[PDB]
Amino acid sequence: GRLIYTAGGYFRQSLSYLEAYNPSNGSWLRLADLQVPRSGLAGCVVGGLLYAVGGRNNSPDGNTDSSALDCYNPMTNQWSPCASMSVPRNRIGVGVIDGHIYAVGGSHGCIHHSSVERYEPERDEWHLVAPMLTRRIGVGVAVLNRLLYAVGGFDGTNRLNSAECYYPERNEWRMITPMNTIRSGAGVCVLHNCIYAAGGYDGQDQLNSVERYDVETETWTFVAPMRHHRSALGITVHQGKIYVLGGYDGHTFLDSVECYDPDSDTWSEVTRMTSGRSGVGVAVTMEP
């Protein structure tokens, strides 16, 4: 599309912001607030519409995990509710295959989900599919060649370096090669034939390292590290480059946005968000 949308997040409390960054001119636009504040959500796009999935409203009033699915139409600058998921899912990951939204893992209080469910926009319906082999919150999710990958996270006891792949026509999950780093709350995305995992928390430190999985070789390789360590970052791809947005570096809720050029294997700072925050949802679609 043309703009990078960032929805929600956390700073002092869960946020309702929807802001759109335009890489062509450096500008940020503030758009219609989410109806309910949420951090730990995920964003995705189907048919030009932006969806916000799951998360949690951490507020002074209290703290409520979200099962919600909401749809933002850039033409109208309006959010509409969709059908809710079977369960609340904070610290969720999502991926889109063939116009359907897969919601993966996440938490409902102390419940760490392995369950996975699929949304069909044409019917406004969710249905459960086979669960993952592992409970995963803070799970990175990406789609490559119409297969769904769940990467890292936290299973209730340990942060994970494991990853697995969902084969839709078999409704089956299988482990893939584990990452070389334990990562929970990483940013995961796809670029060319690789799944990238950037940042996260390894149980001790927020990470700046970045590694990628080549589906043909089934191996993970480190690339250039980000300039800033970060967990609970937003991540997306725009014209062949990876953008990482915000996160937490152990000291500060970051406003930094970095951009990875895979041809030069370099990261550069490209803009700052209007305020530091973590736990955002991010996706790319047409300008409003």
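Heads up: residue numbers just count along the shown sequence, starting at 1.
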query: Higher-B stretch (mean Cα B-factor, as the entry records it), 199-207 or 79-87; finding: 199-207
query: Residue range whose averaged C-alpha B-factor is higher in the record, 70-78 or 114-122; finding: 70-78
query: Options 107, 177, 134, 158 - largest CA temperature factor per the record; finding: 158
query: Among modelled residues of the same chain, the CA temperature factor third for residue 49; finding: highest
query: Ranked against its chain, the third holding the CA B-factor of residue 219; finding: lowest
query: Third of the chain's Cα B-factor distribution that residue 100 belongs to, per the entry; finding: middle
query: Modelled-residue ranking by C-alpha temperature factor, third containing residue 41; finding: lowest
query: Chain thirds of CA B-factor: placement of residue 232; finding: lowest
